[PDB]
Structures are given as structure tokens and as C-alpha cells.
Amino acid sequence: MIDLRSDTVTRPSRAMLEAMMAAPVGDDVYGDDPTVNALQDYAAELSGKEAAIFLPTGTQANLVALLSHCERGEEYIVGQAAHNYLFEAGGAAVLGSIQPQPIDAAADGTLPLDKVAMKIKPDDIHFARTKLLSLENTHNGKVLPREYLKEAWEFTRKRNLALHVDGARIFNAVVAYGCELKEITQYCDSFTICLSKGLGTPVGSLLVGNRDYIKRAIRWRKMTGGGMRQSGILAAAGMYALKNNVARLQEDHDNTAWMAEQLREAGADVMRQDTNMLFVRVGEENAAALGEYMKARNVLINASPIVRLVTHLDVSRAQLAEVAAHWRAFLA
């Protein structure tokens, strides 16, 4: 099967699986898992932060992050198209009692500080209390301008707002920046990391920040049901991932750059390509048609007027060459 729907579809490697069946464990609720504790310490260490907390999914990572930054009645300025605003069913509001304030992102995927400023609420009882600024790095594959990251940090310190970055794909961003994770993590109060997507873990995400902050996050994770027991067997894949699956995202980047090339030259209307994603304007009259085609041929994609193809460790250039072929076929 050729799965191009998302990078979430990545399956454990032999080496990753061996690391899991071997890793030592304990009861994480009790704080006994050595492997879970080593993954937390590692990550915090790597980003220049005090602590880290392992989570079931990136969704919870974000739900807990927001609950930890904002109190009942506070607000977070976020993207109109951000995951922790749109793709998490409004958990922040529904469950967290936090007021979401969405605004459109600029083309490069950043949230214009000028527009952000206009949304910060006066200290007036008619308004929700603006507390946090939430960014998403590698927003739909888009890499935020490094310098932007620094401005957003300075801007929030001046206005006493917290800055949180949803880094479900922050490593695709580090590889593209060609820098140290620390170099960018230094410009945010807290951030997340998904291990189950490009990094290739079966499950898992991390929440990184200061100790006190992460201390509240533990409570919120417990209430939301994310505190597992012998989770070390899962965190084992997580360390393996961090230590061996990061550089290789460059291969995924190269592959989607290659794919865009094939399709452009194959008639396809390539709208853009960023890191490990590329978009094609398929049209409405073919959205479902192209999906069927590709599916009948063991190629999975999410059919729609604008199709998002995503690369990861479970799809080669050979496999891409085939999708290219079929796509060209379809158009003829």
C-alpha cells in the first residue's frame, strides 16, 4: 500500500520495535518508569528547558498545554486554521473554559504581530482576559521565518503574554533551518513535539516547558486521562526516534520536492511544496474520481478539490514514481 494521506500512518521499524521490547519500565503514575523519565529528561535537555511530560497524543499535549497556561475565563490568540483551535473539537473551550480568539495567518504561516496586537483585550469586564499566544511551527508544512520566531517572543514578553508553539512537526522545521532545536525552542515558553508522525513512533507526544508549569500539566494530564502505567515501552520508541529518525526527515523533504517536480511536469496544478507536503488543485469534478482511481491502485490519498500529499519513512521515491505515473494517467 502507498499511504500519502498523512505522516501519522508511519509504522514502527525493526530497530524501533526491538528497543520497545527491551526497555525497562515501571508505573508512570507512581513515577517509576525509567524509560518514560529518560525520554522526558532527554527532550527537556535537548531544547534547553526544565521539564518534559509524555502524552498519549499531540491533541492532549495541546489540551493540557492550554489548560496549564489559561485559567477559566482567559483567552488564547491562535490561528483560524491552527490545530489546537480547529482540529481539536474546541476542547479548550468545551472542556477548558478558555476563550479562543482566532485570526488568519499570513501566507508564510505566521500570525501577524500587528493583528495579534489588535486582539489583545483591554482590562475591561466586557472582555475575556488575553493570556496566551499559540503558534504552530511547520503550519501545514510551512516553516515560520526563524526571525519571526524571535519577534513573537520579544513581542509577548513586552505584553506579558505566554508564548506556546505547537510543534507537532517542529523537527521538520529544525532540519529545514539546519540549526539546533535549542536555537528556536529558546523563543517560546512551552512547546510540543509529536513522535508518532514523521519521527515514526506508534504513539506519543511531548510537552516541554519550565518545571512549575509542567507540574500543573501533570495534574491536567491526569484529569484528562493521559496518565498511563507501564508507558515506558512506548517512550522507548520515542527516544529511539529522537536519536535516529530526525536527520532523515531531509529525505522526506527531498522526496516531496521531487514529487512536486514530477506532477508539475505532468500537467498537475501544484499550488505549493513545503518540507514534507505538497498541494495540488485537483478540482471538484475529480476530487472523488482521483481518489477512487488511486485507491483502486493501492494508493491512498484524501480526495478533495485541493489534495495534500504527505511524505514520511514509509514511502520511497520508487513508490512516488508510481503515484506520479498513475496521476499522469488519470489526467489523460
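Quick note: we count residues from 1 along the sequence shown, nothing fancier.
Undergrad: When the C-alpha temperature factors are averaged for each of 54 to 62 and 267 to 275, which stretch ends up with the higher value in the entry?
TA: Averaging CA B-factors over each stretch, the winner is 267 to 275.
Undergrad: If you average the CA temperature factors over each stretch, which comes out higher, 98 to 106 or 257 to 265?
TA: Stretch with the higher mean C-alpha B-factor: 257 to 265.
Undergrad: In terms of CA temperature factor as recorded, identify the highest of 221, 131, 215, 126.
TA: In the PDB entry, the greatest C-alpha B-factor among 221, 131, 215, 126 is found at 215.
Undergrad: Going by the deposited entry, which of 243, 72, 83, 182 has the highest CA temperature factor?
TA: Answer for 243, 72, 83, 182: 182, with the highest C-alpha B-factor.
Undergrad: Using the B-factor values recorded in the entry, state whether the Cα atom of residue 25 falls in the lowest, middle or highest third among the modelled residues of its chain.
TA: Its C-alpha B-factor belongs to the lowest third of this chain's values.
Undergrad: C-alpha B factor of residue 35, ranked within the chain: lowest, middle or highest third?
TA: It falls in the middle third of the chain.
Undergrad: Among all modelled residues of this chain, ranked by Cα B factor, put residue 202 in the bottom, middle or top third, i.e. lowest, middle or highest.
TA: CA B-factor rank for residue 202: middle third.
Undergrad: Classify residue 169 as lowest, middle or highest third according to the C-alpha B-factor given in the PDB entry, relative to its own chain.
TA: Its C-alpha B-factor belongs to the lowest third of this chain's values.
Undergrad: Relative to the other modelled residues of the same chain, rank the CA B-factor of residue 146 and answer lowest, middle or highest third.
TA: Its C-alpha B-factor belongs to the highest third of this chain's values.
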